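K.L.:
Enclosed are the sequence and the experimentally obtained structure.
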Amino acid sequence: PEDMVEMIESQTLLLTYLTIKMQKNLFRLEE
Amino acid sequence: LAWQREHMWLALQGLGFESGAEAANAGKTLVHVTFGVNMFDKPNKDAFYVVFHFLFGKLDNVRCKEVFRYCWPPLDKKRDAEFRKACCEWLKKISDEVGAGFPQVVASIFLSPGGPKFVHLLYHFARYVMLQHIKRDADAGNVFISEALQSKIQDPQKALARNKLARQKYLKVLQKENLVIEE
Amino acid sequence: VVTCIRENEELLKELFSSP
Amino acid sequence: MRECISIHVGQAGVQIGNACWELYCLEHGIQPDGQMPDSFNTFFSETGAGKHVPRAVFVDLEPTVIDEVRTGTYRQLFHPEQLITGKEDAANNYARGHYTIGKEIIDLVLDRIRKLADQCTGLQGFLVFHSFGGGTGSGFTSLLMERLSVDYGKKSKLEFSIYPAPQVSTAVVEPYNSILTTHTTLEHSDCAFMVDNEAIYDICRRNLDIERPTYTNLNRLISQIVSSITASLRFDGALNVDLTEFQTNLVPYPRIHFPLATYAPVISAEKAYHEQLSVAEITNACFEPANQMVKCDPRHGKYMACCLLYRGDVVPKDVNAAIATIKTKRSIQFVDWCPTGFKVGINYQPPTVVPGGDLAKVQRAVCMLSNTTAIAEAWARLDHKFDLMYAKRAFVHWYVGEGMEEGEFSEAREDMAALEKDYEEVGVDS
Amino acid sequence: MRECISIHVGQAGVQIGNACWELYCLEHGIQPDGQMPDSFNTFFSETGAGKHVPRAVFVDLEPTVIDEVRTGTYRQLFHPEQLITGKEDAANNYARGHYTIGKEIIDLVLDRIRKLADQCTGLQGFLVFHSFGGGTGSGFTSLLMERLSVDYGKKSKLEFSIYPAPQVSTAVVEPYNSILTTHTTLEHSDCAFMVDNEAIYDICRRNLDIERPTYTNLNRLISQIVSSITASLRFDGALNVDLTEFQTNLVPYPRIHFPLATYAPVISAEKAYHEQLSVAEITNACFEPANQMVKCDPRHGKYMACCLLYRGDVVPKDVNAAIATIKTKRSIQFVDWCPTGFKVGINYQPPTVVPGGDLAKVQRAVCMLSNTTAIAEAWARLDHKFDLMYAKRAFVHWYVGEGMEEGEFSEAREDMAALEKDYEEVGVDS
Amino acid sequence: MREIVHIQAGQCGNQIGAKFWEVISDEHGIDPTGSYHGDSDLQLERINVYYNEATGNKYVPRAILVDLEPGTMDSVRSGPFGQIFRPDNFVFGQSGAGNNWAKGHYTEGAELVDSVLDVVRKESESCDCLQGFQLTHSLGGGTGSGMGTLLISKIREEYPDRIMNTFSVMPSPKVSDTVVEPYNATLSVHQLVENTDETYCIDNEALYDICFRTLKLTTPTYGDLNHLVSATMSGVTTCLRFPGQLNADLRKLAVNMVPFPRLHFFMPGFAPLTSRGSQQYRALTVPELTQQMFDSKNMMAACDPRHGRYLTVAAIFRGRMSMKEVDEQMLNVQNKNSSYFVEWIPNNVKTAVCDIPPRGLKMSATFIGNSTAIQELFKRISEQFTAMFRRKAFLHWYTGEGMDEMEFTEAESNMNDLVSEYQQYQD
Ligand SMILES: Nc1nc2c(ncn2[C@@H]2O[C@H](COP(=O)(O)CP(=O)(O)OP(=O)(O)O)[C@@H](O)[C@H]2O)c(=O)[nH]1
Ligand SMILES: Nc1nc2c(ncn2[C@@H]2O[C@H](COP(=O)(O)OP(=O)(O)OP(=O)(O)O)[C@@H](O)[C@H]2O)c(=O)[nH]1
Ligand SMILES: Nc1nc2c(ncn2[C@@H]2O[C@H](COP(=O)(O)OP(=O)(O)OP(=O)(O)O)[C@@H](O)[C@H]2O)c(=O)[nH]1
Ligand SMILES: [Mg+2]
Ligand SMILES: [Mg+2]
């Protein structure tokens, strides 16, 4: 049903979120 | 939809939900207001204050300190109306900018924060704050990832594939973190 | 799909617990 | 000397006080216009040339019940500033009576009470009539009792309250209120006389043969109990019992001060001609489960300390006889760490009879106050009721909307739980 | 306040106006010379000393019909300025009344109507009475409604029309005009009560038992419908219906405003005795196929919304009961998207009876105004006749000579075909 | 002291308020000119809850009569007990709303509502300690429904901590008089959900049943219906106006009969209601009062209680009665009908008692029910609403007066949500 593709899109969302959050810090950390 | 109470809490931690400090801003104790997942199944107005203030602060800073200047922390009842009228109008604007992607905001949901109707508004609110930060912290060369996420796909195979790409990105980037902090 | 779901959420919660 | 100040809060307390003051006036020969054509000193103050003004204070956050008294037959008795009334009632809300509607009247009633105390030279203690299930009688009484405890301190605060019945109840949010006020009765009271209305209904319909009794009958009965309690200050007898020595004998540990009251003989004037109401007969009718003022089973627990207040034509020899018989009853069992478990006060003045009452004119009367563990059962049932409603957080928006917290709900429930457990523990033997 | 200005154009209109004004004058007690030996305020202005001048404006392109008025019994009623006339009629020509001759006299009647509208403080709207068959009543009425819609804007315009008969036609070019008039009645009118003469002939000869009736009987019936429409304005009753209420409940979509009007009971004097014309019977009569004022079968369509105007000795409960019975009938079927489809108005004043009239005296009357798709059939048949004559270009030169174009005929044809298609569509269920 | 300011709007509301003022004036002993002529002194004790006192010992009702057609103002002024009202309180328009909600709410009512707010500000500041408002209106029209809704919104904005009662009459599917009733009913319910404290849902069909079956009146009128409604209206506030053995004001009833904020829709009822012929065969006692009041054929709203569960019930008794009898009877009702009562609320019934019986009777009883079966009342409307809105029939009036389609969507969705809440708590 839709509830599982919503689960997938939500987890994709969380992956994208946390990844960008740690990227913006690591780019700062390496410089 | 149990995962709605689940992904919310995870997404709550996604914004960096620390039950201690966010309870400390309100000047109240934690033992009297439980946080976590099973916090909005019943009327729970204190957890409502806390999560709503954190969620409005994570998205905006200056205007948040403005519209919630004469309200927070709404400990009394004369100043409580200020909170309930400053938050409802904002949520109504947010829902009108997105439309069908949001539940219609009703002030009555704020008279008793609880039940599935409040959890629905809360999950869509969390989604909105996540997305409007994926709109700002993702690179100018990658802003499309935001709208690529607003594209409500309907087929499961492509959803599988998108998760697949994102999770390999997750593994590689967490591995590069180790490389950078150790080397 | 559920397997990727589980690996996902687990890595999420445990990496959140990193200081 | 030996004065006392009565505080009547809420509608229940105000009406119970109507009954009580009619009784004291008839007892002492004082007319409802004040004049009397000594002992009255324990309740009345002699104002100039023959005017005995009661040492009481009537309160309500609502104008109606006090207005009945201002326009009633006793208007010339109470002096106008004793009757304090608000504007809008607590409306069955602990939070309103305590936090929002309550804070506007508190200094006024406190100023009146202080002016009342500056007139008495041997103040014994306060008597606080109220009701657990109401809004004012719960919240405003909590507030008043806390403030009184701060100001006066070591004075003995005795409260007579209308505890909610198991099945018969008049309000819906009642359990909620009854729990929160417990958080006060543990700390800011010295002895709490809880009385249920359903038990007095059963008493009336069994003893006095009144099929349809109203609140006035029940209030007359409660008033009689109060009169029997304070007679030892107002009269002379063979064995007097003060309030301090009474509290010394009746309360074994600080937390345990919730005794049961029971009056006897309560019979109609008609079955009275056939009864031979000896000292033994009324002494024993006190120990029956059907003559209880609260719905509980004294058989279901063990007694800890009993006080027998005899009134009228009573000699000590037959009191000793009756107490020895009760000692030889196995259905009446006692704790073991109270080898002697009886205080006896004997008084000379028989119990007066109000015109238009249901009780007859009898020569001997007993008021027995018994600290038993069985009272725990009562609390138990009410707690259960709470945990139904609170499970849904029903009606809680009214409370939290009025300056409350949910933490206070949780704390009141935890407190009542610890009280029950302390009772169960003190009951057990060694 | 609540005034309405009734424009009577063309011969048919002027005669239906003679009837209507006879009725209103007799209704409010205003004598034919204007004197009355409030309610009249809707249809009369009170000028000077007990003199009432009707708020009507009689127009015609021919003087004789207005000259009979000016010489008749009501010469003292309409002050001369309102009976506007030209010199030559349109001779059953749309192009003459609309372009050729109407342009010379549109301004006169417009000045007069502006004078009338200025004197009223609560204008409700206009009641345009005309025929579709003639040159004035089609052409000049179209021109007049166009200018009135430009001038007055949102004022509601209710037109009462004489539509041609399926069988009995007194004119030959009639369909042509009756088609061109459509291009106006769609856009510039708000409600159009078309009425066919043949149906009133049949109603007369059957219900009233009038062997051969003339135009005076027909005009009497039409005036009765008009008075029943405006009764809720002039007098007071149980449930009241303005003009805007009428239009709101009766018109489902903009293009759909052609309701059928019907009346009950129209019996003789002799037949009225044996019948007990209660509310149920007249309400069932309004729904009968043979009592319509226009020739069509209401069984062949679906009702969209119907307004019942009850008048006289009418209580609400039996109105409700009769309506419930109408609902539980199978032949009266309703469209689905209108589950609640009955408007009810109840007025207290019974219907008056003109002397020398054909109707009897009744205590209850009903005017039913129904929107049913069945009316489409009417247009169909007439359209066919159009499609016949336009097949041969007959009588068209008379139009082209005076400034009309054949494109205008083709355009009216397309417009009426679109209107039929809209009715066929709105009929269908989901 | 706990003053109540009353507000009428529309023909229905105006006539019901007129009946209300007749009966209440009879209660306190006010004659048609305002001159007190009663016997007991109690009648003057709290006359001020409803009546201002003008000079010369006359009393004027604290009521605001509103409408959009002057005909109703003239009709009310000309009735009996009509000369009591202040002339400066008749706020009328000049056209009427035409059963159009958009006209009452946005176009004309919006222009008239300022005068009404001015009059209510004057009256409310005139009073010592206001306790709330009473809006008597109907939901089916344009003036009543939409105008009273705009008025309620503004009032709540100005006095947020007061009580807000409404004796709104709802449409009924059987006895319908307007084609566009579902639209107005839905659009008004949407706002009554948010801006009122307790809504007493009456229904004309139910009152017709009360009159036809119970009173056996051959031909009932609107007078008898309005009489029943006014009986309930005064029965609610007897305790405000008279003493008793267990008082209960309006905020007491609000705190007791409303478990959650949105569930404030009640159905009223009255007892005793007997015919004339059947009167001498009846024992006027407390058991008969309670048996009649808890019957389903006696409710003033066309919803069967047997289809849901009483979340809460309030009984206001009037007269010299025993409290043992009252309480035993309430417990009996609850125990015999244990299935019609929810389980997470013990003791669903609140009882109050006033010492003064109504005019002519020795005792009476008023009943207020917060029940889940009221959801039926809304489902009906919703169905009808959808059946029209799908095709967008009659929508162009509402649109041409400035509304939107998004507003109809929101109104439907909110009515559905209220229905879902009630059904959820029914279990
Ligand atoms: N129980 C009662 N119902 C009434 C009464 N009068 C009218 N009604 C019903 O109320 C419904 C419509 O009420 P209203 O006439 O007030 C509509 P309103 O005037 O407020 O708006 P507009 O008239 O369209 O401007 C309709 O069903 C009436 O039958 C009454 O006196 N009592
Ligand atoms: N024995 C007895 N019980 C009463 C009396 N009056 C009220 N009660 C009971 O006490 C409880 C209600 O207490 P109330 O006096 O009504 O509450 P309150 O003190 O007025 O607080 P408010 O709600 O603000 O009025 C119910 O059990 C009532 O039945 C009385 O006169 N005698
Ligand atoms: N029902 C009814 N129809 C009438 C009446 N008078 C004329 N008609 C009909 O109306 C149609 C003709 O319209 P007319 O009014 O005669 O034409 P006109 O308005 O004078 O315009 P011109 O032809 O230019 O004179 C025919 O059906 C006539 O029979 C009447 O009094 N009652
Ligand atoms: Mg002509
Ligand atoms: Mg109206």
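P.N.:
Now that the structure is in, tell me what you want to look at. Numbering: from 1, shown residues only, chains lettered A, B, ... in the order given. Ligands and ions are numbered 1, 2, ... in the order given.
K.L.:
so residue D:232 touches residue D:348, yeah?
P.N.:
No. Assessed by C-beta atoms under 8 Å, residue D:232 is found out of contact with residue D:348, at 10.5 Å. From N, CA and C alone the C-beta is placed, and that goes for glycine too.
K.L.:
out of the two, which sits in the more crowded spot?
P.N.:
Neighbour count, other C-beta atoms under 10 Å in any protein chain shown: between residue D:232 and residue D:348, residue D:232 has more, with 23 against 14.
K.L.:
Residue D:7: what secondary structure?
P.N.:
strand (DSSP: H, G, I helix; E, B strand; the rest coil).
K.L.:
how much space between the closest residue to it other than its chain neighbours and residue D:193?
P.N.:
Of all residues not flanking residue D:7 in the chain, residue D:128 sits nearest, at 4.9 Å (C-beta to C-beta, 6 or more residues apart in numbering or on different chains). Distance, residue D:128 to residue D:193, by C-beta to C-beta, to the nearest Å: 10 Å.
K.L.:
Show me the common contact partners of the two, please.
P.N.:
Any residue near both residue D:128 and residue D:193 by C-beta atoms under 8 Å, 6 or more residues apart in numbering or on different chains counts here, and that gives D:158, D:159, D:160.
K.L.:
ok, the first one to ligand 3 distance?
P.N.:
When you say that, I think you mean residue D:158. Relative to ligand 3, residue D:158 is positioned 98 Å away (C-beta to the nearest ligand atom, to the nearest Å).
K.L.:
Touching, that residue and residue D:129? I think so.
P.N.:
No. Residue D:158 lies out of contact with residue D:129 (C-beta under 8 Å); the separation is 9.8 Å.
K.L.:
does residue D:175 sit in a helix or strand, and which one?
P.N.:
helix D:174-180 (DSSP states H and E).
K.L.:
swap in residue D:53?
P.N.:
strand D:52-54.
K.L.:
Quick check: which helices or strands does that strand pack against?
P.N.:
Judged by 3 or more C-beta pairs under 8 Å, 6 or more residues apart in numbering or on different chains; DSSP states H and E, the packing partners of strand D:52-54 are helix D:10-28, strand D:44-46.
K.L.:
residue contacts, residue F:15?
P.N.:
F:76, F:222, F:226.
K.L.:
Pretty sure residue F:274 sits in a helix.
P.N.:
No. Using three-state DSSP, the secondary structure at residue F:274 is coil, not a helix.
K.L.:
what's the closest non-adjacent residue to the spatially most central residue of chain B?
P.N.:
Ranked by distance to the mean C-alpha position of chain B (C-alpha atoms, centre = their mean), the top residue is residue B:126 at 2.6 Å. With C-beta to C-beta, 6+ apart as the criterion, residue B:126 has its nearest non-adjacent residue at 4.4 Å, and that residue is residue B:11.
K.L.:
Please verify my assumption that residue D:293 contacts residue D:199.
P.N.:
Yes. Residue D:293 is within contact range of residue D:199, at 5.4 Å (criterion: C-beta under 8 Å).
K.L.:
quick one: the residue lying farthest from the centre of chain B and residue F:365, what's the gap?
P.N.:
Within chain B, residue B:183 marks the point farthest from the mean C-alpha position, 35.6 Å out by C-alpha atoms, centre = their mean. Note on residue B:183: its distance to residue F:365, by C-beta to C-beta, is 85 Å.
K.L.:
hey, C-alpha coordinates of stretch F:389-403 in PDB?
P.N.:
Extracted as PDB, the C-alpha positions of stretch F:389-403 are listed here (Å, rounded to 0.1, in the frame of the first residue of the first chain):
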ATOM      1  CA  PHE F 389     -21.700  19.900  -3.600                       C
ATOM      2  CA  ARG F 390     -20.600  17.200  -5.900                       C
ATOM      3  CA  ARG F 391     -22.500  18.800  -8.700                       C
ATOM      4  CA  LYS F 392     -22.000  22.400  -7.400                       C
ATOM      5  CA  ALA F 393     -25.700  23.200  -7.400                       C
ATOM      6  CA  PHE F 394     -26.800  26.500  -6.000                       C
ATOM      7  CA  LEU F 395     -23.100  27.300  -5.600                       C
ATOM      8  CA  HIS F 396     -23.100  30.400  -7.700                       C
ATOM      9  CA  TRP F 397     -25.100  32.500  -5.200                       C
ATOM     10  CA  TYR F 398     -22.500  31.700  -2.500                       C
ATOM     11  CA  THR F 399     -19.700  32.300  -4.900                       C
ATOM     12  CA  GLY F 400     -21.100  35.600  -6.300                       C
ATOM     13  CA  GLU F 401     -21.400  36.900  -2.700                       C
ATOM     14  CA  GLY F 402     -17.600  36.500  -2.400                       C
ATOM     15  CA  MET F 403     -17.200  33.100  -0.900                       C
END
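K.L.:
Give me the buried positions along it.
P.N.:
F:389, F:391, F:393, F:394, F:395, F:397, F:398, F:401, F:403 (16 or more other C-beta atoms under 10 Å in any protein chain shown).
K.L.:
So that stretch, near ligand 1 or not?
P.N.:
No. Stretch F:389-403 stays clear of ligand 1 (C-beta under 6 Å from any ligand atom), getting no nearer than 11.8 Å.
K.L.:
what's the domain layout of chain B?
P.N.:
With automatic domain parsing as the criterion, the domains of chain B are listed as B:2-141, B:153-183.
K.L.:
quick one, strands of the chain?
P.N.:
Going with chain A. Assigned by DSSP state E, the strands in chain A number zero.
K.L.:
Chain D, not that one
P.N.:
With DSSP E applied, chain D shows strands at D:4-9, D:44-46, D:52-54, D:56-60, D:83-85, D:125-131, D:156-163, D:191-196, D:260-264, D:303-312, D:342-347, D:364-372, listed in chain order.
K.L.:
All the helices of chain C, residue numbers only.
P.N.:
Taking DSSP state H as the test, the helices found in chain C are C:2-16.
K.L.:
can you list the residues of it near chain B?
P.N.:
By C-beta under 8 Å from any C-beta of the partner chain, the part of chain C that sits against chain B consists of C:1, C:4, C:7, C:8, C:9, C:11, C:12, C:13, C:15, C:16.
K.L.:
Helices of the stretch 101-250 of chain D, residue ranges please.
P.N.:
D:106-117, D:141-151, D:174-180, D:182-185, D:197-203, D:215-234, D:243-250 (DSSP state H, counting those that start in this stretch).
K.L.:
Can you list the neighbours in contact with the shortest one?
P.N.:
Contacts to helix D:182-185, defined as C-beta under 8 Å, 6+ apart, come from residues D:141-142, D:145-146, D:159, D:161, D:192, D:258, D:408, D:411-412, D:415-416, D:419.
K.L.:
Pick the one among those residues closest to ligand 3.
P.N.:
Of all those, residue D:408 has the smallest distance to ligand 3: 83.3 Å, by C-beta to the nearest ligand atom.
K.L.:
Excluding residues flanking it in the chain, which one is nearest that closest one?
P.N.:
Nearest to residue D:408 is residue D:180, by C-beta to C-beta, 6+ apart, at 6.7 Å.
K.L.:
Check residue D:212 too.
P.N.:
Going by C-beta to C-beta, 6+ apart, residue D:212 has residue F:322 as its nearest residue, at 3.4 Å.
K.L.:
tally of neighbours for that neighbour?
P.N.:
Applying other C-beta under 10 Å, we find 20 residues neighbouring residue F:322.
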